[PDB]
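Source file: coords_23.pdb (PDB, C-alpha atoms and all ligand atoms)
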ATOM      1  CA  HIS A  22    -138.458 -67.689 283.156  1.00  0.00           C
ATOM      2  CA  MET A  23    -135.451 -65.452 283.255  1.00  0.00           C
ATOM      3  CA  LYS A  24    -136.327 -62.392 285.262  1.00  0.00           C
ATOM      4  CA  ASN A  25    -135.553 -59.241 283.225  1.00  0.00           C
ATOM      5  CA  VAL A  26    -134.581 -56.248 285.331  1.00  0.00           C
ATOM      6  CA  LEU A  27    -133.990 -52.783 283.808  1.00  0.00           C
ATOM      7  CA  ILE A  28    -131.805 -50.479 285.858  1.00  0.00           C
ATOM      8  CA  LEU A  29    -132.295 -46.840 284.840  1.00  0.00           C
ATOM      9  CA  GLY A  30    -129.456 -44.577 286.001  1.00  0.00           C
ATOM     10  CA  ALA A  31    -127.165 -47.584 286.257  1.00  0.00           C
ATOM     11  CA  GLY A  32    -124.045 -45.465 286.921  1.00  0.00           C
ATOM     12  CA  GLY A  33    -125.517 -44.323 290.249  1.00  0.00           C
ATOM     13  CA  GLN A  34    -123.960 -45.241 293.566  1.00  0.00           C
ATOM     14  CA  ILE A  35    -126.939 -47.168 294.967  1.00  0.00           C
ATOM     15  CA  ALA A  36    -127.266 -48.799 291.574  1.00  0.00           C
ATOM     16  CA  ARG A  37    -123.678 -50.204 291.801  1.00  0.00           C
ATOM     17  CA  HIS A  38    -124.460 -52.252 294.880  1.00  0.00           C
ATOM     18  CA  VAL A  39    -127.668 -53.572 293.321  1.00  0.00           C
ATOM     19  CA  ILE A  40    -125.843 -54.524 290.139  1.00  0.00           C
ATOM     20  CA  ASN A  41    -123.275 -56.369 292.259  1.00  0.00           C
ATOM     21  CA  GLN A  42    -125.832 -58.291 294.248  1.00  0.00           C
ATOM     22  CA  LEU A  43    -127.575 -59.161 290.983  1.00  0.00           C
ATOM     23  CA  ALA A  44    -124.314 -60.347 289.365  1.00  0.00           C
ATOM     24  CA  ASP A  45    -124.334 -63.899 290.687  1.00  0.00           C
ATOM     25  CA  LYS A  46    -128.083 -64.498 290.210  1.00  0.00           C
ATOM     26  CA  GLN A  47    -127.841 -66.596 286.994  1.00  0.00           C
ATOM     27  CA  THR A  48    -131.643 -66.430 286.347  1.00  0.00           C
ATOM     28  CA  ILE A  49    -131.760 -62.617 286.265  1.00  0.00           C
ATOM     29  CA  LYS A  50    -130.796 -60.679 283.207  1.00  0.00           C
ATOM     30  CA  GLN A  51    -130.019 -57.059 284.164  1.00  0.00           C
ATOM     31  CA  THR A  52    -130.097 -54.321 281.579  1.00  0.00           C
ATOM     32  CA  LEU A  53    -128.011 -51.351 282.651  1.00  0.00           C
ATOM     33  CA  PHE A  54    -129.199 -48.140 281.048  1.00  0.00           C
ATOM     34  CA  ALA A  55    -126.994 -45.105 281.484  1.00  0.00           C
ATOM     35  CA  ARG A  56    -126.090 -41.824 279.877  1.00  0.00           C
ATOM     36  CA  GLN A  57    -122.386 -42.436 280.144  1.00  0.00           C
ATOM     37  CA  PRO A  58    -121.934 -46.204 280.276  1.00  0.00           C
ATOM     38  CA  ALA A  59    -118.165 -46.013 280.081  1.00  0.00           C
ATOM     39  CA  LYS A  60    -118.388 -44.861 283.703  1.00  0.00           C
ATOM     40  CA  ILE A  61    -120.198 -47.998 284.827  1.00  0.00           C
ATOM     41  CA  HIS A  62    -117.797 -49.626 287.374  1.00  0.00           C
ATOM     42  CA  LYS A  63    -116.119 -52.840 286.229  1.00  0.00           C
ATOM     43  CA  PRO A  64    -115.987 -55.728 285.516  1.00  0.00           C
ATOM     44  CA  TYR A  65    -119.303 -56.078 283.860  1.00  0.00           C
ATOM     45  CA  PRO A  66    -121.342 -58.967 285.162  1.00  0.00           C
ATOM     46  CA  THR A  67    -122.035 -61.734 282.666  1.00  0.00           C
ATOM     47  CA  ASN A  68    -125.772 -61.428 283.186  1.00  0.00           C
ATOM     48  CA  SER A  69    -125.757 -57.705 282.108  1.00  0.00           C
ATOM     49  CA  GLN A  70    -126.471 -55.739 279.034  1.00  0.00           C
ATOM     50  CA  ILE A  71    -125.203 -52.195 278.995  1.00  0.00           C
ATOM     51  CA  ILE A  72    -127.211 -49.726 276.997  1.00  0.00           C
ATOM     52  CA  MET A  73    -126.351 -46.079 276.311  1.00  0.00           C
ATOM     53  CA  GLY A  74    -129.377 -43.885 276.798  1.00  0.00           C
ATOM     54  CA  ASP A  75    -131.157 -41.013 278.449  1.00  0.00           C
ATOM     55  CA  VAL A  76    -134.639 -41.569 279.945  1.00  0.00           C
ATOM     56  CA  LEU A  77    -135.883 -38.467 278.112  1.00  0.00           C
ATOM     57  CA  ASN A  78    -134.885 -40.121 274.846  1.00  0.00           C
ATOM     58  CA  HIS A  79    -138.213 -41.872 274.581  1.00  0.00           C
ATOM     59  CA  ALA A  80    -137.213 -43.999 271.613  1.00  0.00           C
ATOM     60  CA  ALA A  81    -134.105 -45.309 273.412  1.00  0.00           C
ATOM     61  CA  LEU A  82    -136.030 -45.959 276.593  1.00  0.00           C
ATOM     62  CA  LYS A  83    -138.783 -47.913 274.787  1.00  0.00           C
ATOM     63  CA  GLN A  84    -136.135 -50.084 273.081  1.00  0.00           C
ATOM     64  CA  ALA A  85    -134.584 -50.893 276.422  1.00  0.00           C
ATOM     65  CA  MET A  86    -137.957 -51.440 278.015  1.00  0.00           C
ATOM     66  CA  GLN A  87    -139.101 -54.143 275.624  1.00  0.00           C
ATOM     67  CA  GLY A  88    -139.475 -57.557 277.299  1.00  0.00           C
ATOM     68  CA  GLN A  89    -138.658 -56.337 280.845  1.00  0.00           C
ATOM     69  CA  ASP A  90    -140.315 -57.583 284.019  1.00  0.00           C
ATOM     70  CA  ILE A  91    -139.086 -55.137 286.661  1.00  0.00           C
ATOM     71  CA  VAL A  92    -137.882 -51.558 286.391  1.00  0.00           C
ATOM     72  CA  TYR A  93    -135.598 -50.111 288.951  1.00  0.00           C
ATOM     73  CA  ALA A  94    -135.174 -46.370 288.658  1.00  0.00           C
ATOM     74  CA  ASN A  95    -132.560 -44.390 290.536  1.00  0.00           C
ATOM     75  CA  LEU A  96    -133.037 -41.056 288.717  1.00  0.00           C
ATOM     76  CA  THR A  97    -131.411 -37.760 289.393  1.00  0.00           C
ATOM     77  CA  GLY A  98    -131.315 -34.158 288.543  1.00  0.00           C
ATOM     78  CA  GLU A  99    -133.524 -31.688 286.803  1.00  0.00           C
ATOM     79  CA  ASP A 100    -137.009 -32.464 285.637  1.00  0.00           C
ATOM     80  CA  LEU A 101    -137.489 -35.562 287.694  1.00  0.00           C
ATOM     81  CA  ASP A 102    -141.227 -35.206 286.989  1.00  0.00           C
ATOM     82  CA  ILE A 103    -140.771 -35.265 283.217  1.00  0.00           C
ATOM     83  CA  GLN A 104    -138.461 -38.227 283.709  1.00  0.00           C
ATOM     84  CA  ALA A 105    -140.964 -40.171 285.835  1.00  0.00           C
ATOM     85  CA  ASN A 106    -143.725 -39.469 283.257  1.00  0.00           C
ATOM     86  CA  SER A 107    -141.436 -40.871 280.583  1.00  0.00           C
ATOM     87  CA  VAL A 108    -140.775 -44.023 282.545  1.00  0.00           C
ATOM     88  CA  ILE A 109    -144.477 -44.606 283.214  1.00  0.00           C
ATOM     89  CA  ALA A 110    -145.378 -44.124 279.533  1.00  0.00           C
ATOM     90  CA  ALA A 111    -142.655 -46.530 278.356  1.00  0.00           C
ATOM     91  CA  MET A 112    -143.704 -49.176 280.906  1.00  0.00           C
ATOM     92  CA  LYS A 113    -147.312 -48.805 279.729  1.00  0.00           C
ATOM     93  CA  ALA A 114    -146.359 -48.933 276.075  1.00  0.00           C
ATOM     94  CA  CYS A 115    -144.287 -52.083 276.644  1.00  0.00           C
ATOM     95  CA  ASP A 116    -146.739 -53.871 278.967  1.00  0.00           C
ATOM     96  CA  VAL A 117    -144.368 -53.725 281.974  1.00  0.00           C
ATOM     97  CA  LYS A 118    -146.025 -53.354 285.393  1.00  0.00           C
ATOM     98  CA  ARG A 119    -143.466 -53.521 288.233  1.00  0.00           C
ATOM     99  CA  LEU A 120    -141.567 -50.365 289.226  1.00  0.00           C
ATOM    100  CA  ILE A 121    -139.142 -49.658 292.076  1.00  0.00           C
ATOM    101  CA  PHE A 122    -138.528 -45.932 292.137  1.00  0.00           C
ATOM    102  CA  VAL A 123    -136.027 -44.150 294.400  1.00  0.00           C
ATOM    103  CA  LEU A 124    -136.665 -40.587 295.371  1.00  0.00           C
ATOM    104  CA  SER A 125    -133.581 -39.172 297.011  1.00  0.00           C
ATOM    105  CA  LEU A 126    -132.609 -35.516 296.789  1.00  0.00           C
ATOM    106  CA  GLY A 127    -128.861 -35.990 296.473  1.00  0.00           C
ATOM    107  CA  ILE A 144    -138.860 -29.034 302.071  1.00  0.00           C
ATOM    108  CA  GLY A 145    -138.615 -26.180 299.443  1.00  0.00           C
ATOM    109  CA  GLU A 146    -139.238 -25.547 295.688  1.00  0.00           C
ATOM    110  CA  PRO A 147    -136.749 -28.183 294.277  1.00  0.00           C
ATOM    111  CA  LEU A 148    -138.975 -30.753 295.988  1.00  0.00           C
ATOM    112  CA  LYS A 149    -141.894 -29.871 293.626  1.00  0.00           C
ATOM    113  CA  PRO A 150    -140.637 -32.115 290.770  1.00  0.00           C
ATOM    114  CA  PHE A 151    -140.090 -34.885 293.274  1.00  0.00           C
ATOM    115  CA  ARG A 152    -143.605 -34.504 294.571  1.00  0.00           C
ATOM    116  CA  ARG A 153    -144.994 -34.386 291.078  1.00  0.00           C
ATOM    117  CA  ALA A 154    -142.950 -37.565 290.202  1.00  0.00           C
ATOM    118  CA  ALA A 155    -144.307 -39.351 293.290  1.00  0.00           C
ATOM    119  CA  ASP A 156    -147.894 -38.306 292.601  1.00  0.00           C
ATOM    120  CA  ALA A 157    -147.608 -39.416 288.974  1.00  0.00           C
ATOM    121  CA  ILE A 158    -146.326 -42.828 290.115  1.00  0.00           C
ATOM    122  CA  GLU A 159    -149.152 -43.174 292.671  1.00  0.00           C
ATOM    123  CA  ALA A 160    -151.738 -42.375 290.008  1.00  0.00           C
ATOM    124  CA  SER A 161    -150.222 -44.613 287.349  1.00  0.00           C
ATOM    125  CA  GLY A 162    -152.005 -47.899 288.021  1.00  0.00           C
ATOM    126  CA  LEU A 163    -148.601 -49.609 287.971  1.00  0.00           C
ATOM    127  CA  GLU A 164    -147.365 -52.098 290.547  1.00  0.00           C
ATOM    128  CA  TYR A 165    -145.094 -49.567 292.239  1.00  0.00           C
ATOM    129  CA  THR A 166    -142.901 -49.237 295.238  1.00  0.00           C
ATOM    130  CA  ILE A 167    -141.578 -45.721 295.943  1.00  0.00           C
ATOM    131  CA  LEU A 168    -138.543 -45.714 298.157  1.00  0.00           C
ATOM    132  CA  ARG A 169    -137.636 -42.658 300.181  1.00  0.00           C
ATOM    133  CA  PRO A 170    -134.226 -42.809 301.828  1.00  0.00           C
ATOM    134  CA  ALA A 171    -132.834 -40.732 304.607  1.00  0.00           C
ATOM    135  CA  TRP A 172    -129.451 -39.037 304.183  1.00  0.00           C
ATOM    136  CA  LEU A 173    -127.201 -41.442 302.317  1.00  0.00           C
ATOM    137  CA  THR A 174    -123.932 -42.696 303.777  1.00  0.00           C
ATOM    138  CA  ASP A 175    -121.303 -44.979 302.265  1.00  0.00           C
ATOM    139  CA  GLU A 176    -121.020 -47.050 305.472  1.00  0.00           C
ATOM    140  CA  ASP A 177    -120.346 -50.783 304.776  1.00  0.00           C
ATOM    141  CA  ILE A 178    -123.467 -52.020 306.606  1.00  0.00           C
ATOM    142  CA  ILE A 179    -126.997 -53.240 306.035  1.00  0.00           C
ATOM    143  CA  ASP A 180    -129.090 -51.811 308.876  1.00  0.00           C
ATOM    144  CA  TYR A 181    -132.522 -50.351 308.259  1.00  0.00           C
ATOM    145  CA  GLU A 182    -136.192 -49.988 309.073  1.00  0.00           C
ATOM    146  CA  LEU A 183    -139.136 -48.712 307.090  1.00  0.00           C
ATOM    147  CA  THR A 184    -141.782 -46.071 307.639  1.00  0.00           C
ATOM    148  CA  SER A 185    -144.996 -45.701 305.694  1.00  0.00           C
ATOM    149  CA  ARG A 186    -146.158 -42.821 303.447  1.00  0.00           C
ATOM    150  CA  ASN A 187    -147.667 -40.500 306.038  1.00  0.00           C
ATOM    151  CA  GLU A 188    -145.270 -41.249 308.916  1.00  0.00           C
ATOM    152  CA  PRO A 189    -142.225 -39.151 309.710  1.00  0.00           C
ATOM    153  CA  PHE A 190    -138.772 -40.618 309.167  1.00  0.00           C
ATOM    154  CA  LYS A 191    -137.702 -42.447 312.409  1.00  0.00           C
ATOM    155  CA  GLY A 192    -134.106 -41.592 311.597  1.00  0.00           C
ATOM    156  CA  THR A 193    -131.598 -39.277 310.046  1.00  0.00           C
ATOM    157  CA  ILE A 194    -129.363 -41.464 307.830  1.00  0.00           C
ATOM    158  CA  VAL A 195    -129.163 -44.761 305.948  1.00  0.00           C
ATOM    159  CA  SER A 196    -126.431 -46.604 304.120  1.00  0.00           C
ATOM    160  CA  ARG A 197    -126.656 -46.972 300.373  1.00  0.00           C
ATOM    161  CA  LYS A 198    -125.893 -50.655 300.917  1.00  0.00           C
ATOM    162  CA  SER A 199    -129.018 -50.827 303.057  1.00  0.00           C
ATOM    163  CA  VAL A 200    -131.149 -49.331 300.341  1.00  0.00           C
ATOM    164  CA  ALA A 201    -129.603 -51.660 297.758  1.00  0.00           C
ATOM    165  CA  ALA A 202    -130.401 -54.628 299.998  1.00  0.00           C
ATOM    166  CA  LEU A 203    -134.071 -53.622 300.041  1.00  0.00           C
ATOM    167  CA  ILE A 204    -134.167 -53.105 296.290  1.00  0.00           C
ATOM    168  CA  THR A 205    -132.628 -56.550 295.793  1.00  0.00           C
ATOM    169  CA  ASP A 206    -135.089 -58.210 298.177  1.00  0.00           C
ATOM    170  CA  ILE A 207    -137.967 -56.661 296.176  1.00  0.00           C
ATOM    171  CA  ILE A 208    -136.445 -57.715 292.875  1.00  0.00           C
ATOM    172  CA  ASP A 209    -136.077 -61.194 294.333  1.00  0.00           C
ATOM    173  CA  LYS A 210    -139.700 -61.209 295.631  1.00  0.00           C
ATOM    174  CA  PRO A 211    -141.569 -58.541 293.687  1.00  0.00           C
ATOM    175  CA  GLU A 212    -144.911 -59.203 295.337  1.00  0.00           C
ATOM    176  CA  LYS A 213    -143.527 -57.388 298.387  1.00  0.00           C
ATOM    177  CA  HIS A 214    -144.193 -53.739 299.044  1.00  0.00           C
ATOM    178  CA  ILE A 215    -146.564 -53.254 296.070  1.00  0.00           C
ATOM    179  CA  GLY A 216    -148.507 -49.959 296.374  1.00  0.00           C
ATOM    180  CA  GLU A 217    -146.237 -48.500 299.073  1.00  0.00           C
ATOM    181  CA  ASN A 218    -144.291 -45.296 299.528  1.00  0.00           C
ATOM    182  CA  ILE A 219    -141.708 -46.149 302.137  1.00  0.00           C
ATOM    183  CA  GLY A 220    -139.127 -44.197 304.098  1.00  0.00           C
ATOM    184  CA  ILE A 221    -135.888 -46.058 304.839  1.00  0.00           C
ATOM    185  CA  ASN A 222    -133.651 -45.154 307.807  1.00  0.00           C
ATOM    186  CA  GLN A 223    -130.915 -46.729 309.964  1.00  0.00           C
ATOM    187  CA  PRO A 224    -132.293 -47.453 313.443  1.00  0.00           C
ATOM    188  CA  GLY A 225    -131.125 -45.316 316.384  1.00  0.00           C
ATOM    189  CA  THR A 226    -130.133 -42.248 314.339  1.00  0.00           C
ATOM    190  CA  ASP A 227    -133.021 -40.091 315.451  1.00  0.00           C
ATOM    191  CA  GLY A 228    -132.060 -36.381 315.574  1.00  0.00           C
ATOM    192  CA  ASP A 229    -131.240 -34.437 318.661  1.00  0.00           C
ATOM    193  CA  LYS A 230    -133.795 -32.211 320.364  1.00  0.00           C
ATOM    194  CA  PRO A 231    -134.853 -29.492 319.990  1.00  0.00           C
ATOM    195  CA  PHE A 232    -135.375 -28.741 316.312  1.00  0.00           C
ATOM    196  CA  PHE A 233    -134.170 -25.647 314.436  1.00  0.00           C
ATOM    197  CA  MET A 234    -134.762 -23.950 311.066  1.00  0.00           C
TER     198      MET A 234
HETATM  199  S1  LIG A 301    -141.786 -52.077 274.282  1.00  0.00           S
HETATM  200  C1  LIG A 301    -142.679 -51.476 272.858  1.00  0.00           C
HETATM  201  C2  LIG A 301    -142.867 -50.102 272.642  1.00  0.00           C
HETATM  202  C3  LIG A 301    -143.518 -49.661 271.502  1.00  0.00           C
HETATM  203  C4  LIG A 301    -143.978 -50.634 270.578  1.00  0.00           C
HETATM  204  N1  LIG A 301    -144.606 -50.207 269.459  1.00  0.00           N
HETATM  205  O1  LIG A 301    -145.124 -51.092 268.567  1.00  0.00           O
HETATM  206  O2  LIG A 301    -144.695 -48.804 269.162  1.00  0.00           O
HETATM  207  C5  LIG A 301    -143.779 -52.004 270.826  1.00  0.00           C
HETATM  208  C6  LIG A 301    -144.242 -53.131 269.890  1.00  0.00           C
HETATM  209  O3  LIG A 301    -143.497 -53.281 268.874  1.00  0.00           O
HETATM  210  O4  LIG A 301    -145.273 -53.819 270.242  1.00  0.00           O
HETATM  211  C7  LIG A 301    -143.129 -52.425 271.962  1.00  0.00           C
END

So, in terms of C-alpha cells, how does the structure I just supplied come out?
Ligand SMILES: *Sc1ccc([N+](=O)[O-])c(C(=O)O)c1
Amino acid sequence: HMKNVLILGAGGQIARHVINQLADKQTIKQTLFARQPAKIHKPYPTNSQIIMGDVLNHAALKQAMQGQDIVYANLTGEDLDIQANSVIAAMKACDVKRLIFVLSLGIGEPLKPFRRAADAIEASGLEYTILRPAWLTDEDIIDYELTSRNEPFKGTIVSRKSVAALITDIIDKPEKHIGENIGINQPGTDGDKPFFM
C-alpha cells in the first residue's frame, strides 16, 4: 500500500524538514494541511497534496483525514487542548489510529492546555507517540537522545532537524514508540549548576 501521512500545521518549521525527508519516498503520499498554504516553502514535492484548513474547522479536518494511515501534528498556539480533542475525534471518526503529536511551547498556566492535550491523547485509545522537545535550535545536525514520560530532560536544547529525523523514523516504522511520551534532547547540553528561579 501507499502510506498516507497527514501533516497538520504543515507550515511549521519542524514540519518543513519532515516534508523534505518525505519528498523522495515514492510510496508515501503526504497531505499537507495548513491555514495559510501559500506560505508552505517550495517547491512542492510530487508526493504531496496541499490542503487549506484549520484543525478547529471540523468539517475540513475530517475531509483531510479520510483514508489516512498516520497523523503527524505539530500544532501551535491558543487552545491546544481543543485542537487535540478535534484531532482525536476526527481520527476516530475516520478509523485512523496512528498519531505522532509534538508538544513544544514555542511550568505555569499556559502549560495547562498542553497538559490537557497530553492527557487527552493518553486517554484516547489511539496508537500515539507524544514527543516533547527541549529548546529548539536551527542547528544543521541530527544529534539526540530520548527520555521517558516521568524522567527529567537530560538536556537543554535540540535541533529541529533532530526532531524531524525522529518523526520520519516513526513514520517509516510506525510500530516504534507506540504508547510513549518522550522527551528529546541533544546529548551533553545539560544545564549548569546550581539552578535558579
Ligand atoms: S473520514 C470520515 C468522517 C466522517 C464520515 N461520515 O460518514 O460522517 C465518513 C464516512 O463517509 O464514512 C468518513

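Picture a line from CA of residue 109 in chain A to CA of residue 144 in chain A; it runs 25.1 Å.
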
Closest pair table for range 101-203 of chain A residues within 12 Å of range 81-86 of chain A, all atoms listed in the file, as a tab-separated table:
residue	atom	partner	partner_atom	distance
A:104	CA	A:82	CA	10.8
A:105	CA	A:82	CA	12.0
A:107	CA	A:82	CA	8.4
A:108	CA	A:82	CA	7.9
A:109	CA	A:83	CA	10.7
A:110	CA	A:83	CA	9.0
A:111	CA	A:83	CA	5.4
A:112	CA	A:86	CA	6.8
A:113	CA	A:86	CA	9.9
A:114	CA	A:83	CA	7.8
A:115	CA	A:86	CA	6.5
A:116	CA	A:86	CA	9.2
A:117	CA	A:86	CA	7.9
A:118	CA	A:86	CA	11.1
A:119	CA	A:86	CA	11.8
A:120	CA	A:86	CA	11.8

Which residues are near residue 224 in chain A? Cut-off 9 Å, all atoms listed in the file, ignore same chain within fewer than 2 positions. Put them as number ranges by chain. A: 180-182, 191-195, 222, 226-227

Compare A:70, A:174, A:199, A:125 by their minimum atom-to-atom distance to residue 31 in chain A, counting only C-alpha atoms, and give me the closest one. A:70

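For the choices A:88, A:58, A:33, A:74, the atom-to-atom distance to ligand LIG 301 (chain A) is smallest for A:88 when using only C-alpha atoms and all ligand atoms.
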
Give the padded box for ligand LIG 301 (chain A) as lines of an AutoDock Vina configuration file: axis-aligned, covering all atoms listed in the file, 6 Å on each side, centre and edge lengths in Å to one decimal.
center_x = -143.5
center_y = -51.3
center_z = 271.4
size_x = 15.5
size_y = 17.0
size_z = 17.7

Expand the PyMOL selection byres (((chain A and resi 55) around 12) and not hetatm) into the individual residues it matches in the shown file, reporting them as a VMD selection string. chain A and resid 27 to 33 36 to 37 52 to 54 56 to 62 70 to 78 81 to 82 85 94 to 97

Of the listed residues A:230, A:22, A:79, A:38, that which approaches residue 202 in chain A most closely, counting all atoms listed in the file: A:38

Run through the PyMOL selection byres (((chain A and resi 204) around 12) and not hetatm) on the given coordinates and return the selected residues as a PyMOL selection string. chain A and resi 26+28+35-40+42-43+91-95+120-123+166-170+197-203+205-211+213-214+219+221

What separation in Å, quoted to one decimal, exists between CA of residue 127 in chain A and CA of residue 34 in chain A? 10.9 Å

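CA of residue 173 in chain A is found 5.5 Å from CA of residue 196 in chain A.
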
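With all atoms listed in the file as the atoms that count, the residue of A:66, A:228, A:150, A:216 with the shortest distance to residue 45 in chain A is A:66.
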
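Nearest residue to residue 100 in chain A among A:124, A:171, A:154, A:80 is A:154, counting all atoms listed in the file.
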
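Shortest atom-to-atom contact with ligand LIG 301 (chain A) among A:87, A:218, A:68, A:106: A:87, counting only C-alpha atoms and all ligand atoms.
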